[PDB]
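*Asks:* Contents are mmCIF, C-alpha atoms; file name start34.cif:
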```cif
data_coords
#
loop_
_atom_site.label_atom_id
_atom_site.label_comp_id
_atom_site.auth_asym_id
_atom_site.auth_seq_id
_atom_site.Cartn_x
_atom_site.Cartn_y
_atom_site.Cartn_z
CA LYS C 94 37.62 19.95 12.78
CA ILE C 95 35.07 17.83 10.90
CA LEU C 96 35.27 14.49 9.16
CA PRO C 97 32.82 11.83 7.85
CA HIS C 98 29.09 11.43 8.83
CA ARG C 99 26.47 10.42 6.16
CA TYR C 100 24.06 12.03 8.55
CA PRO C 101 24.32 15.76 7.94
CA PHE C 102 24.43 16.97 11.53
CA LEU C 103 27.31 16.05 13.81
CA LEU C 104 25.86 14.99 17.18
CA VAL C 105 28.96 15.51 19.31
CA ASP C 106 29.48 19.04 20.58
CA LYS C 107 32.67 18.05 22.31
CA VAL C 108 35.14 15.19 22.80
CA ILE C 109 36.11 15.61 26.44
CA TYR C 110 38.30 12.53 26.60
CA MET C 111 39.84 10.09 24.17
CA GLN C 112 42.32 7.26 24.33
CA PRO C 113 43.47 5.90 20.95
CA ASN C 114 42.33 2.40 20.06
CA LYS C 115 40.55 2.03 23.42
CA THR C 116 37.82 4.49 24.49
CA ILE C 117 36.32 7.92 23.85
CA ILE C 118 33.98 10.22 25.79
CA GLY C 119 32.01 13.12 24.40
CA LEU C 120 28.77 14.96 24.97
CA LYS C 121 25.85 16.78 23.44
CA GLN C 122 23.83 19.65 24.87
CA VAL C 123 20.34 19.10 23.48
CA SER C 124 19.26 22.63 22.55
CA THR C 125 15.74 23.70 21.61
CA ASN C 126 17.23 24.66 18.23
CA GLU C 127 18.37 21.22 17.04
CA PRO C 128 18.13 20.55 13.27
CA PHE C 129 16.01 17.48 13.89
CA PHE C 130 13.50 19.64 15.79
CA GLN C 138 10.16 17.65 21.99
CA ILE C 139 12.46 14.68 22.43
CA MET C 140 15.63 13.42 20.76
CA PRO C 141 14.56 10.11 19.19
CA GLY C 142 16.64 7.17 20.33
CA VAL C 143 17.44 6.60 16.67
CA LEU C 144 19.47 9.83 16.68
CA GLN C 145 21.20 8.64 19.83
CA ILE C 146 22.48 5.60 18.01
CA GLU C 147 23.71 8.11 15.44
CA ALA C 148 25.53 10.32 17.95
CA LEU C 149 27.19 7.30 19.51
CA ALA C 150 27.99 6.03 16.02
CA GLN C 151 29.77 9.26 15.17
CA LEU C 152 31.79 9.27 18.40
CA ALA C 153 32.88 5.68 17.71
CA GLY C 154 33.85 6.94 14.27
CA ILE C 155 35.78 9.84 15.72
CA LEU C 156 37.79 7.32 17.74
CA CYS C 157 38.51 4.98 14.80
CA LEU C 158 39.82 7.82 12.62
CA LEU C 168 36.93 5.30 5.10
CA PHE C 169 34.34 3.79 7.47
CA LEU C 170 30.69 2.79 7.06
CA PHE C 171 28.08 1.89 9.67
CA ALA C 172 27.57 -1.84 8.92
CA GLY C 173 25.23 -2.72 11.76
CA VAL C 174 24.10 -2.30 15.35
CA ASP C 175 23.15 -4.85 17.99
CA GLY C 176 21.77 -4.71 21.53
CA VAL C 177 20.13 -1.27 21.82
CA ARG C 178 17.97 -0.32 24.82
CA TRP C 179 16.61 3.22 25.13
CA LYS C 180 16.00 3.30 28.85
CA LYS C 181 15.17 7.03 28.98
CA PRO C 182 13.85 10.01 26.92
CA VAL C 183 16.44 12.67 26.08
CA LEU C 184 14.99 16.17 26.38
CA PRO C 185 16.13 19.62 25.25
CA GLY C 186 17.99 20.75 28.33
CA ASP C 187 19.68 17.39 28.68
CA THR C 188 23.39 16.91 28.07
CA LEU C 189 24.09 13.57 26.54
CA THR C 190 27.32 12.12 27.92
CA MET C 191 28.76 9.36 25.72
CA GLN C 192 31.46 6.75 25.80
CA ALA C 193 32.34 4.21 23.12
CA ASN C 194 34.75 1.33 23.41
CA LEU C 195 36.67 -0.37 20.65
CA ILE C 196 35.97 -4.09 21.03
CA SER C 197 37.84 -5.37 17.98
CA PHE C 198 39.45 -4.05 14.81
CA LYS C 199 40.61 -6.08 11.85
CA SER C 200 43.11 -4.97 9.24
CA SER C 201 41.77 -8.02 7.42
CA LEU C 202 38.04 -8.28 7.13
CA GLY C 203 38.60 -4.50 7.60
CA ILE C 204 35.90 -4.58 10.30
CA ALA C 205 35.71 -2.70 13.61
CA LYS C 206 33.17 -2.89 16.41
CA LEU C 207 32.75 -0.77 19.51
CA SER C 208 30.11 -0.51 22.20
CA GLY C 209 28.43 2.67 23.33
CA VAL C 210 26.61 4.09 26.33
CA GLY C 211 24.92 7.45 26.77
CA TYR C 212 23.95 9.07 30.05
CA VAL C 213 22.06 12.02 31.47
CA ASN C 214 23.15 13.25 34.89
CA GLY C 215 25.30 10.15 35.27
CA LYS C 216 22.38 7.85 34.52
CA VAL C 217 22.19 5.52 31.51
CA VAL C 218 19.60 6.65 28.97
CA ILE C 219 20.92 4.45 26.17
CA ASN C 220 22.86 1.18 25.76
CA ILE C 221 24.41 -0.34 22.64
CA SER C 222 26.08 -3.76 22.87
CA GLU C 223 27.95 -3.45 19.58
CA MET C 224 28.10 -1.11 16.59
CA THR C 225 29.79 -2.61 13.53
CA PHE C 226 31.70 -0.51 10.96
CA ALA C 227 33.27 -1.40 7.63
CA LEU C 228 36.20 0.00 5.62
CA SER C 229 35.90 2.44 2.70
CA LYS Y 94 -4.76 10.98 11.03
CA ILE Y 95 -2.55 9.20 13.67
CA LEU Y 96 0.79 8.02 15.15
CA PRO Y 97 3.38 8.67 17.89
CA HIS Y 98 6.91 9.18 16.58
CA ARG Y 99 9.55 11.23 18.35
CA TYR Y 100 11.18 11.82 14.98
CA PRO Y 101 9.54 14.93 13.47
CA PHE Y 102 9.06 13.22 10.08
CA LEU Y 103 6.91 10.23 8.98
CA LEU Y 104 9.35 8.21 6.90
CA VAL Y 105 6.53 6.26 5.25
CA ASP Y 106 4.84 7.68 2.19
CA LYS Y 107 2.28 4.91 2.08
CA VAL Y 108 1.01 1.62 3.48
CA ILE Y 109 0.26 -0.62 0.54
CA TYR Y 110 -0.74 -3.67 2.61
CA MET Y 111 -1.91 -4.51 6.13
CA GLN Y 112 -2.72 -7.70 8.05
CA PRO Y 113 -3.47 -6.92 11.72
CA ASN Y 114 -1.64 -9.03 14.25
CA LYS Y 115 0.45 -10.21 11.31
CA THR Y 116 2.12 -7.92 8.74
CA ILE Y 117 2.43 -4.60 6.92
CA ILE Y 118 4.17 -3.28 3.78
CA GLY Y 119 4.87 0.37 3.01
CA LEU Y 120 6.75 2.55 0.56
CA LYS Y 121 9.11 5.44 0.97
CA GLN Y 122 10.31 7.14 -2.13
CA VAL Y 123 13.53 8.73 -0.95
CA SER Y 124 13.66 12.28 -2.26
CA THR Y 125 16.46 14.84 -2.54
CA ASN Y 126 13.88 17.04 -0.76
CA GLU Y 127 14.24 15.72 2.80
CA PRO Y 128 15.86 16.70 6.20
CA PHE Y 129 18.20 13.84 7.38
CA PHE Y 130 20.81 14.44 4.70
CA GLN Y 138 23.78 12.60 -0.27
CA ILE Y 139 22.86 9.13 1.13
CA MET Y 140 20.13 8.04 3.49
CA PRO Y 141 21.45 7.56 7.05
CA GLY Y 142 21.17 3.94 8.14
CA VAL Y 143 19.60 4.94 11.46
CA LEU Y 144 16.67 6.58 9.70
CA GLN Y 145 16.05 3.36 7.89
CA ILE Y 146 15.69 1.89 11.38
CA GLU Y 147 13.34 4.81 11.94
CA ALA Y 148 11.42 4.39 8.70
CA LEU Y 149 10.61 0.79 9.61
CA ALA Y 150 10.08 1.49 13.28
CA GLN Y 151 7.26 3.78 12.25
CA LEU Y 152 5.86 1.21 9.85
CA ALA Y 153 5.91 -1.29 12.71
CA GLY Y 154 4.30 1.20 15.03
CA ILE Y 155 1.51 1.78 12.53
CA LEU Y 156 0.80 -1.97 12.76
CA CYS Y 157 0.77 -2.14 16.54
CA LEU Y 158 -1.79 0.64 16.51
CA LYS Y 159 -3.92 -1.46 14.20
CA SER Y 160 -3.67 -4.61 16.39
CA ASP Y 161 -5.92 -3.42 19.47
CA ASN Y 167 -2.32 2.13 23.74
CA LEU Y 168 0.74 4.29 23.18
CA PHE Y 169 3.86 2.46 22.04
CA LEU Y 170 7.35 3.84 22.50
CA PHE Y 171 10.47 2.43 20.82
CA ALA Y 172 12.50 0.69 23.53
CA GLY Y 173 14.99 -1.56 21.80
CA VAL Y 174 16.34 -2.92 18.53
CA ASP Y 175 18.66 -5.82 17.65
CA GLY Y 176 20.25 -7.58 14.70
CA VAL Y 177 20.27 -4.60 12.37
CA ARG Y 178 22.14 -4.97 9.13
CA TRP Y 179 22.66 -2.33 6.43
CA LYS Y 180 23.59 -4.14 3.25
CA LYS Y 181 23.11 -1.73 0.39
CA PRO Y 182 23.02 2.09 0.41
CA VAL Y 183 19.73 3.92 -0.10
CA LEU Y 184 20.12 6.84 -2.54
CA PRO Y 185 17.68 9.64 -3.29
CA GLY Y 186 15.14 8.51 -5.89
CA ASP Y 187 15.38 4.97 -4.57
CA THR Y 188 11.99 3.51 -3.72
CA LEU Y 189 12.19 1.92 -0.33
CA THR Y 190 9.93 -1.10 0.03
CA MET Y 191 9.59 -2.10 3.65
CA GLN Y 192 7.73 -4.79 5.50
CA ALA Y 193 7.52 -5.37 9.22
CA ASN Y 194 6.35 -8.59 10.79
CA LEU Y 195 4.67 -8.90 14.15
CA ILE Y 196 6.83 -11.29 16.17
CA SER Y 197 4.96 -11.39 19.45
CA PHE Y 198 2.75 -9.44 21.83
CA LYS Y 199 3.97 -10.24 25.29
CA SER Y 200 1.95 -7.25 26.53
CA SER Y 201 1.90 -8.78 29.96
CA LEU Y 202 5.01 -6.58 30.52
CA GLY Y 203 3.40 -4.24 27.96
CA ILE Y 204 5.80 -5.10 25.16
CA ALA Y 205 5.66 -5.75 21.44
CA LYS Y 206 8.30 -7.21 19.12
CA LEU Y 207 8.39 -6.75 15.35
CA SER Y 208 11.09 -7.69 12.80
CA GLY Y 209 11.64 -5.69 9.65
CA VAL Y 210 13.17 -5.65 6.21
CA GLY Y 211 13.57 -2.97 3.60
CA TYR Y 212 14.28 -3.56 -0.07
CA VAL Y 213 15.28 -1.42 -2.97
CA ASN Y 214 14.49 -2.84 -6.38
CA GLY Y 215 13.88 -6.26 -4.94
CA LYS Y 216 17.19 -6.31 -3.10
CA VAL Y 217 17.52 -6.29 0.69
CA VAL Y 218 19.14 -3.03 1.80
CA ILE Y 219 18.40 -3.45 5.51
CA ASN Y 220 17.54 -6.12 8.04
CA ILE Y 221 16.33 -5.69 11.61
CA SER Y 222 15.90 -8.91 13.55
CA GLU Y 223 13.92 -7.53 16.44
CA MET Y 224 12.37 -4.10 17.19
CA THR Y 225 10.86 -3.73 20.66
CA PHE Y 226 7.96 -1.45 21.64
CA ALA Y 227 6.34 -0.88 25.04
CA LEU Y 228 4.15 0.72 27.73
CA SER Y 229 3.19 4.34 26.98
#
```
Could you write out this structure as structure tokens?

*Replies:*
Amino acid sequence: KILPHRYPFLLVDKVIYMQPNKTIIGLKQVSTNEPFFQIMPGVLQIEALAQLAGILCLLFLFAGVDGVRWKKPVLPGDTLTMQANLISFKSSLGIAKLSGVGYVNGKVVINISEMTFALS
Amino acid sequence: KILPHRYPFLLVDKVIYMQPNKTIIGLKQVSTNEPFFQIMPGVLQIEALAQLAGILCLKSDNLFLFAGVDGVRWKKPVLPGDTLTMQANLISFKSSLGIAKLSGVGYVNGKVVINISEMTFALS
């Protein structure tokens, strides 16, 4: 099943765990045959985490990101483990914001304080 | 030529203005031709500027990797054919801890389409 993404390539090979309106965990095996291909740029990590967050929430648009630290370089051979948490949602100012964290071998390679998304 | 960027593409067609230790303006004419996508992914706009900023750090002096980014806001959508006008500003140079901080803005037809408060670079 596939849904939004302005970015052409979905960066979530698998949603291994999801809890409606609360949290979601997924992962990505970085192959040597990735469309954006050697290291996965942290900018595409934001993306992956953005998509996951979007999976959870499910129109939506990526309105902004805050607090991003790329502590480590993702390499082909690395499996990006990701978890995003819904911080707030507003059937008002139609805005939703979640936080995301990505790991490699149980170690944090990326941190995102808050990703903001807007309706339609 | 020159530049480290872990994104295969150089999202900056050309630097139309440079003031070392201070600022830099560049253009990116979004084309239907490219890889990312049809609308331009916000994250690549972070990328497009991040590279523009990097180009400036390189002019200041030394490898600089992208370590953090804050206060990013995507106001308007960038469509193909749009001419991205970006400008990064050198915030600091606390390269005690080997770290640089630039801010950045991108405009399309004189209107702000993206804002990045702080982009952090560092070590090697």

*Asks:* Under the rule that only C-alpha atoms are counted, which of C:114, C:144, C:218, C:178 is the nearest residue to residue C:205?

*Replies:*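 Distance minimum relative to residue C:205 lands on C:114.
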
*Asks:* Give me, as an MDAnalysis selection string, all polymer residues having an atom no more than 12 Å from residue C:219, counting only C-alpha atoms and skipping those fewer than 5 positions away in the same chain.

*Replies:* (chainID C and resid 140:149 176:183 189:193 208:213) or (chainID Y and resid 171:174)

*Asks:* If you measure from atom CA of residue C:152 to atom CA of residue Y:97, what distance in Å do you get, rounded to one decimal?

*Replies:*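 Distance between the two atoms: 28.4 Å.
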
*Asks:* From (6.0, 4.1, 13.2), in the file's coordinates, out to 10 Å: which residues are reached, counting only C-alpha atoms? Answer as a short mmCIF file (atom, residue, chain, number, x, y, z; two decimals) with C-alpha atoms, in the frame of the given file.

*Replies:*
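Just written: out18.cif:
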```
data_model
loop_
_atom_site.label_atom_id
_atom_site.label_comp_id
_atom_site.auth_asym_id
_atom_site.auth_seq_id
_atom_site.Cartn_x
_atom_site.Cartn_y
_atom_site.Cartn_z
CA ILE Y 95 -2.55 9.20 13.67
CA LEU Y 96 0.79 8.02 15.15
CA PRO Y 97 3.38 8.67 17.89
CA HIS Y 98 6.91 9.18 16.58
CA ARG Y 99 9.55 11.23 18.35
CA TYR Y 100 11.18 11.82 14.98
CA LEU Y 103 6.91 10.23 8.98
CA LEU Y 104 9.35 8.21 6.90
CA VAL Y 105 6.53 6.26 5.25
CA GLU Y 147 13.34 4.81 11.94
CA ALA Y 148 11.42 4.39 8.70
CA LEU Y 149 10.61 0.79 9.61
CA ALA Y 150 10.08 1.49 13.28
CA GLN Y 151 7.26 3.78 12.25
CA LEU Y 152 5.86 1.21 9.85
CA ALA Y 153 5.91 -1.29 12.71
CA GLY Y 154 4.30 1.20 15.03
CA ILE Y 155 1.51 1.78 12.53
CA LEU Y 156 0.80 -1.97 12.76
CA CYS Y 157 0.77 -2.14 16.54
CA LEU Y 158 -1.79 0.64 16.51
CA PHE Y 169 3.86 2.46 22.04
CA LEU Y 170 7.35 3.84 22.50
CA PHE Y 171 10.47 2.43 20.82
#
```

*Asks:* Could you jot down the atom CA of residue C:168 to atom CA of residue C:129 separation for me, Å, one decimal place?

*Replies:*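 Atom CA of residue C:129 lies 25.8 Å from atom CA of residue C:168.
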
*Asks:* Could you tell me, as a PyMOL selection string, exactly which residues end up selected when the PyMOL selection byres ((chain C and resi 104) around 8) is applied to this structure?

*Replies:* chain C and resi 102-103+105-106+121+147-148+151

*Asks:* I'd like to know which of Y:121, Y:115, Y:94, Y:216 is closest to residue Y:182, using all atoms listed in the file.

*Replies:*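 Closest candidate: Y:216.
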
*Asks:* Got a sec: who's within 10 Å of residue Y:208, counting all atoms listed in the file, leaving out chain neighbours fewer than 5 positions off, as a list in words?

*Replies:* residues 116, 149, 150, 153, 174, 175, 176, 177, 192, 193, 194, 195, 196, 197, 220, 221, 222, 223, 224 and 225 of chain Y

*Asks:* Under the rule that only C-alpha atoms are counted, which of Y:205, Y:183, Y:117, Y:146 is the nearest residue to chain C?

*Replies:*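 Of all the options, Y:146 lies closest to chain C.
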
*Asks:* Which value, in Å to one decimal, gives the distance between atom CA of residue Y:125 and atom CA of residue Y:219?

*Replies:*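 Taking atom CA of residue Y:125 as the start and atom CA of residue Y:219 as the end point, the length is 20.1 Å.
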
*Asks:* Starting from the shown file, work through the PyMOL selection byres ((chain C and resi 194) around 12) and note down what comes out as a ChimeraX atom specification.

*Replies:* /C:111-118,149-150,152-157,191-193,195-198,205-210,221-225

*Asks:* Just checking: using only C-alpha atoms, which residue out of Y:207, Y:202, Y:109, Y:140 ends up closest to chain C?

*Replies:*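 With only C-alpha atoms as the atom set, the closest residue is Y:140.
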
*Asks:* My list of candidates is C:217, C:184, C:139, C:202. Which is closest to chain Y when distances are computed with all atoms listed in the file?

*Replies:*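 Smallest distance to chain Y is found for C:139.
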
*Asks:* With distances taken over only C-alpha atoms, which residue among C:138, C:199, C:188, C:108 lies nearest residue C:94?

*Replies:* C:108

*Asks:* Counting all atoms listed in the file, what is within 9 Å of residue Y:203, bar same-chain residues fewer than 6 positions away, as a list in words?

*Replies:*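 The residues that qualify are residues 169, 226, 227, 228 and 229 of chain Y.
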
*Asks:* Determine the residue membership of the PyMOL selection byres ((chain Y and resi 190) around 7) for the file above and supply it as number ranges by chain.

*Replies:* Y: 119-121, 188-189, 191-192, 211-213
